[PDB]
There are 2 protein chains.
Amino acid sequence: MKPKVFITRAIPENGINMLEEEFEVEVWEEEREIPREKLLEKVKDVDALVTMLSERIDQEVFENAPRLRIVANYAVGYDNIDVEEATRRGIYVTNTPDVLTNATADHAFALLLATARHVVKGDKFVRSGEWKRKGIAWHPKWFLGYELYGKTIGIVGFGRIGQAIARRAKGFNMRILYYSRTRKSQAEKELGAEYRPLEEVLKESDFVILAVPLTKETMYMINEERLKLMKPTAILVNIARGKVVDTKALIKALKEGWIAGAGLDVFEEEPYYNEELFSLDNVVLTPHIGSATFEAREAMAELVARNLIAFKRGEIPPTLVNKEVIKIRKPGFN
Amino acid sequence: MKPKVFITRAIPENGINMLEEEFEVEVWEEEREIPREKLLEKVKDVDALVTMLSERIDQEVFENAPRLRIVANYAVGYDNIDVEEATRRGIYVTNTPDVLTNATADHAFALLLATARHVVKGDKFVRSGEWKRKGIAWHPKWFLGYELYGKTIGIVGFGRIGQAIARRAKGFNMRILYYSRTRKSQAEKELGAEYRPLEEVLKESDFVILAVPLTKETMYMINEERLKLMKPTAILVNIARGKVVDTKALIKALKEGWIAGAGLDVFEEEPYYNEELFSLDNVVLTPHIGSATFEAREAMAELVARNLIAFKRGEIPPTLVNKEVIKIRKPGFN
Ligand SMILES: NC(=O)c1ccc[n+]([C@@H]2O[C@H](COP(=O)([O-])OP(=O)(O)OC[C@H]3O[C@@H](n4cnc5c(N)ncnc54)[C@H](OP(=O)(O)O)[C@@H]3O)[C@@H](O)[C@H]2O)c1
Ligand SMILES: NC(=O)c1ccc[n+]([C@@H]2O[C@H](COP(=O)([O-])OP(=O)(O)OC[C@H]3O[C@@H](n4cnc5c(N)ncnc54)[C@H](OP(=O)(O)O)[C@@H]3O)[C@@H](O)[C@H]2O)c1
């Protein structure tokens with residue numbers, strides 16, 4: 001008698017418990033991701049879905065889900081969902097902005113600093129015993145990295161996470177440039193940031209941070225010609241999506257010294273293995289953990305629940321991504 | 001006819017070249033550190049020394065250096081120099097403050113973030129191919145770390161580097177507490193920082209950063225009872241000196257979950273190997289590279305040269321650490 005939601009992953013219990021008050025809830029509890037054929041089977045009679053970036057919510061899913069009215073992504077990105085087709089069908093799509101902004105902006109800085117200061121390579125040198133075995137405490141030319149103070153940070157995608165990365169950069173006294181679809185004077189005045197065309201941001205920055213969604217417009221925007229514009233001392237950080245960067249071109253740039261290093265949280269396929277990329281000591285790698293804090297987790301689970309419960313009550317969900325759907329079908333289950 | 005300086009390491013050429021205009025210069029150029037017996041031989045007829053933290057400038061060095069009038073440490077720390085004995089003897093001692101503040105404060109944040117967000121462990125997971133081999137792109141419970149935003153940072157040693165770490169923490173919207181020998185209202189008002197007794201800082205902080213010199217008073221100040229006061233979710237960062245922390249107690253704290261993790265740039269002996277410490281995935285380790293930026297390097301070399309040249313000219317050196325020596329012997333060579 002309650003509407004039915006399938007949750008494709010073991011998200012925090014707080015969100016599951018909130019949903020159990022208002023829905024019949026099914027939760028995929030396994031460590032492994034749900035196989036595609038099982039996803040298609042399980043959506044047969046669901047009114048709602050909570051999905052991860054690992055599930056491709058495309059036309060084929062919709063065709064196999066005739067009761068589905070709302071998809072809540074447990075993520076701020078939604079490049080895994082065919083939102084135009086959802087809108088067509090009157091299906092509401094929600095995401096999780098804001099509650100993971102600080103985690104991801106912190107992780108961008110974690111990657112920036114780790115890459116700039118040789119933290120991963122340094123740790124291996126110590127931890128392996130090589131430092132002790134070689135017998136040399138310190139040398140003035142070892143492990144030299146790059147300053148941030150007074151340097152220019154270039155933020156590609158000046159949204160929630162991009163602005164939060166700029167806020168952190170102000171603590172390092174950085175000159176802040178950004179490229180975005182829009183220009184925002186509030187954030188400009190609060191942070192001292194300045195808009196420039198993309199190729200100017202790439203030419204003038206000491207650190208380039210990617211914080212855009214994946215769309216047709218941002219696919220491979222960091223390509224071979226764009227990388228050639230960057231400084232040979234510059235560090236690239238990708239916390240956005242893997243396919244914003246042409247990895248083949250990035251490998252060439254790193255090997256040939258077109259840029260100095262890269263910190264990457266996201267990859268063209270996940271999981272990822274690339275022997276050539278992974279052989280480089282001027283890259284730092286993390287497995288798509290930008291939003292991985294206990295608190296962001298929990299807050300994302302609450303927010304997915306709030307969206308689905310608002311929808312049940314005939315309210316517009318607070319983090320609806322496809323507002324055009326409202327005029328197509330009003331909220332609620334039938 | 002020019003005074004003679006021995007430089008114990010291959011510091012940047014800019015500083016060497018400045019000194020060659022005014023001194024007969026000898027530079028130890030080898031990768032390895034100068035052996036103790038060679039140090040004692042080489043100081044026999046020097047008027048000045050430029051030393052690294054690796055050289056122990058103690059009474060025995062002074063007794064073997066009868067012309068020595070000034071020691072310029074290529075470091076801000078000077079726990080490797082017996083400054084009281086230098087003063088006694090009329091020997092000026094200088095260091096390198098300021099020019100390495102931003103490098104070291106950046107590295108403190110590099111270690112804080114790497115430890116809080118599992119950057120080293122994450123990189124090994126990806127780079128080794130384990131992420132790919134296990135076949136799972138992402139899991140909501142994997143690699144969960146700690147937020148900074150709104151959290152409390154406790155700075156032990158509120159000097160040049162400690163205040164610069166607080167400046168960076170303001171970009172993360174942190175509540176800033178500090179313990180120091182003094183209280184500083186300027187920095188309090190600029191950064192919103194508040195003084196507290198040491199044990200209160202340890203109890204109330206989510207991140208504890210050590211930025212004190214090594215002195216009799218700070219030796220093993222982070223001991224077993226102090227570690228027990230910390231939060232089980234708290235992260236410790238040591239960019240100060242290894243002997244500020246009782247490593248045996250720190251290992252117990254990390255294994256027993258008294259604190260959540262530690263980022264360490266400095267060790268009780270350097271180089272260092274500790275199999276038990278190095279087996280822990282909740283530690284991040286770097287080989288005393290806090291000041292290792294190209295620019296800090298260069299600026300340290302210039303500053304050592306400026307000190308020795310000012311002294312030659314009968315001027316008080318700009319970063320003299322033992323001001324009492326001035327009344328003992330005026331500056332210059334004879
Ligand atoms: N690595 C991780 O763990 C992780 C975690 C969270 C998010 N992410 C990813 O980061 C992305 C951004 O997150 P967010 O919350 O900051 O989203 P957001 O607030 O929508 O910000 C994205 C910004 O990118 C701008 N943008 C979009 N298309 C662009 C284009 N073609 N050219 C230039 N700028 C463009 C957007 O412009 P407009 O102002 O015109 O909107 C917006 O300012 C998500 O979409 C996601 O892919 C990754
Ligand atoms: N890891 C690295 O690569 C690296 C690089 C640079 C420096 N260091 C180390 O970091 C240390 C600090 O550097 P810095 O330039 O910030 O020096 P600093 O300006 O002298 O600051 C040190 C601060 O520690 C405070 N302090 C000293 N003794 C204390 C005590 N017993 N209790 C509480 N606070 C005490 C000092 O108090 P007062 O205000 O009363 O002076 C001062 O505020 C150096 O001495 C060095 O050991 C490490």
# chains A, B, ... in the order shown; residues from 1 in each chain; ligands from 1

$ residues_near_ligand --ligand "ligand 1" --cutoff "7 Å" --atoms "only C-alpha atoms and all ligand atoms" --output "count of residues only"
36

$ interface_residues --of "chain B" --to "chain A" --cutoff "7 Å" --atoms "only C-alpha atoms" --output "PyMOL selection string"
chain B and resi 10-11+32-33+102-103+110+113-114+119-120+122-123+126-127+129+131-132+135-137+140+143-147+149+167-172+270-273+278+284-287+289+292-294

$ write_last_selection --atoms "N, CA and C atoms" --output "tab-separated table (two decimals), in the first residue's frame"
chain	number	residue	atom	x	y	z
B	10	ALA	N	75.14	21.13	-0.64
B	10	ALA	CA	74.95	21.73	-1.96
B	10	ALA	C	73.65	22.57	-2.01
B	11	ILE	N	73.74	23.70	-1.35
B	11	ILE	CA	72.62	24.66	-1.35
B	11	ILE	C	72.61	25.38	-2.72
B	32	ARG	N	75.76	12.32	-0.09
B	32	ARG	CA	75.79	12.00	1.31
B	32	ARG	C	76.17	13.14	2.19
B	33	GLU	N	75.72	13.10	3.45
B	33	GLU	CA	76.07	14.10	4.43
B	33	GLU	C	77.56	14.02	4.81
B	102	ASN	N	55.67	29.72	4.26
B	102	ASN	CA	54.56	29.28	3.44
B	102	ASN	C	54.72	27.85	2.96
B	103	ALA	N	55.96	27.45	2.67
B	103	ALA	CA	56.18	26.05	2.26
B	103	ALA	C	55.76	25.11	3.36
B	110	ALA	N	49.06	19.71	3.59
B	110	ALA	CA	49.17	18.54	2.74
B	110	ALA	C	49.04	17.28	3.59
B	113	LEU	N	45.39	16.89	5.22
B	113	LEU	CA	44.41	16.43	4.25
B	113	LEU	C	44.68	15.02	3.76
B	114	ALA	N	45.94	14.67	3.52
B	114	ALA	CA	46.26	13.35	3.04
B	114	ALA	C	45.84	12.32	4.07
B	119	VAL	N	44.57	9.67	1.30
B	119	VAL	CA	45.17	9.85	-0.02
B	119	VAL	C	46.25	8.81	-0.35
B	120	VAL	N	47.11	8.51	0.61
B	120	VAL	CA	48.21	7.53	0.35
B	120	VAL	C	47.63	6.14	0.15
B	122	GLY	N	44.54	5.37	-0.71
B	122	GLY	CA	43.78	5.40	-1.91
B	122	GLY	C	44.62	5.27	-3.14
B	123	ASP	N	45.74	5.98	-3.19
B	123	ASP	CA	46.63	5.95	-4.34
B	123	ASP	C	47.16	4.54	-4.48
B	126	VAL	N	44.51	2.23	-6.06
B	126	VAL	CA	44.33	2.45	-7.50
B	126	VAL	C	45.58	1.94	-8.26
B	127	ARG	N	46.74	2.45	-7.86
B	127	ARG	CA	47.99	2.30	-8.62
B	127	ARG	C	48.46	0.84	-8.76
B	129	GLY	N	46.54	-1.63	-9.02
B	129	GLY	CA	45.61	-2.42	-9.79
B	129	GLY	C	44.56	-3.14	-8.95
B	131	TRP	N	42.08	-1.83	-7.24
B	131	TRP	CA	40.76	-1.29	-7.57
B	131	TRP	C	40.19	-1.96	-8.80
B	132	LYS	N	40.95	-2.02	-9.88
B	132	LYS	CA	40.46	-2.70	-11.06
B	132	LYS	C	40.20	-4.19	-10.81
B	135	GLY	N	37.05	-4.95	-9.15
B	135	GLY	CA	35.92	-4.80	-10.07
B	135	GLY	C	34.78	-3.90	-9.61
B	136	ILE	N	34.92	-3.28	-8.46
B	136	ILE	CA	33.88	-2.46	-7.85
B	136	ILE	C	34.28	-1.01	-8.00
B	137	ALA	N	33.44	-0.24	-8.67
B	137	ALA	CA	33.80	1.17	-8.91
B	137	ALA	C	33.81	2.01	-7.61
B	140	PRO	N	29.53	3.22	-0.85
B	140	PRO	CA	29.29	4.36	0.08
B	140	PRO	C	30.10	4.32	1.34
B	143	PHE	N	36.67	4.35	2.23
B	143	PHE	CA	37.59	5.46	2.33
B	143	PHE	C	36.99	6.70	3.01
B	144	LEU	N	36.10	6.48	3.95
B	144	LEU	CA	35.46	7.64	4.62
B	144	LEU	C	36.42	8.37	5.50
B	145	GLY	N	36.51	9.66	5.30
B	145	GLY	CA	37.36	10.52	6.08
B	145	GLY	C	36.62	11.62	6.77
B	146	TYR	N	37.41	12.59	7.22
B	146	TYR	CA	36.87	13.64	8.12
B	146	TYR	C	36.80	15.01	7.41
B	147	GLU	N	35.68	15.68	7.67
B	147	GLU	CA	35.50	17.08	7.23
B	147	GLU	C	36.41	17.99	8.01
B	149	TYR	N	35.41	21.60	7.47
B	149	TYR	CA	34.57	22.78	7.56
B	149	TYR	C	33.84	22.83	8.86
B	167	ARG	N	45.98	30.82	9.10
B	167	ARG	CA	45.49	31.58	7.99
B	167	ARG	C	44.84	30.65	6.96
B	168	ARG	N	45.49	29.52	6.68
B	168	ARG	CA	44.96	28.56	5.74
B	168	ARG	C	43.68	27.95	6.33
B	169	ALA	N	43.65	27.65	7.60
B	169	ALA	CA	42.46	27.04	8.22
B	169	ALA	C	41.25	27.95	8.11
B	170	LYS	N	41.43	29.28	8.12
B	170	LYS	CA	40.32	30.18	7.94
B	170	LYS	C	39.61	30.00	6.60
B	171	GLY	N	40.34	29.58	5.54
B	171	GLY	CA	39.74	29.29	4.28
B	171	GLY	C	38.78	28.08	4.29
B	172	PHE	N	38.95	27.20	5.27
B	172	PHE	CA	38.12	26.03	5.52
B	172	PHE	C	37.07	26.31	6.60
B	270	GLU	N	66.63	10.68	12.05
B	270	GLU	CA	66.44	10.83	10.61
B	270	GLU	C	67.77	10.50	9.91
B	271	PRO	N	67.83	9.55	8.88
B	271	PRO	CA	66.55	8.91	8.46
B	271	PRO	C	65.91	7.98	9.50
B	272	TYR	N	64.69	7.53	9.23
B	272	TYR	CA	63.96	6.73	10.22
B	272	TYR	C	63.39	5.53	9.60
B	273	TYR	N	63.39	4.42	10.37
B	273	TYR	CA	62.61	3.23	10.04
B	273	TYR	C	61.98	2.69	11.30
B	278	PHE	N	55.26	1.96	10.48
B	278	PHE	CA	55.14	2.01	9.03
B	278	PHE	C	54.14	0.99	8.49
B	284	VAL	N	50.46	8.88	7.58
B	284	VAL	CA	51.08	9.41	6.36
B	284	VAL	C	52.46	9.93	6.73
B	285	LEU	N	53.46	9.63	5.93
B	285	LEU	CA	54.86	9.88	6.27
B	285	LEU	C	55.54	10.65	5.18
B	286	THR	N	56.32	11.67	5.53
B	286	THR	CA	57.19	12.34	4.54
B	286	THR	C	58.57	12.59	5.15
B	287	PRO	N	59.62	12.65	4.31
B	287	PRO	CA	60.98	12.62	4.84
B	287	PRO	C	61.52	14.02	5.14
B	289	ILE	N	60.43	17.11	4.55
B	289	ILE	CA	60.34	17.93	3.34
B	289	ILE	C	59.41	19.13	3.50
B	292	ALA	N	60.55	22.06	1.54
B	292	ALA	CA	61.09	21.70	0.22
B	292	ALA	C	60.27	22.23	-0.95
B	293	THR	N	60.40	23.54	-1.18
B	293	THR	CA	59.97	24.15	-2.40
B	293	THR	C	61.15	24.83	-3.08
B	294	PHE	N	61.10	24.91	-4.43
B	294	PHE	CA	62.19	25.56	-5.12
B	294	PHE	C	62.38	26.97	-4.59

$ select_by_dssp --residues "region 98-247 of chain A" --states "helix (DSSP H, G or I)" --output "count of residues only"
67

$ atom_distance --atom1 "CA of residue 55 (chain A)" --atom2 "CA of residue 329 (chain A)"
24.5 Å

$ residues_around --residues "region 15-20 of chain A" --least-positions-apart "5" --cutoff "6 Å" --atoms "only C-alpha atoms" --output "list in words"
residues 25, 301, 302 and 305 of chain A
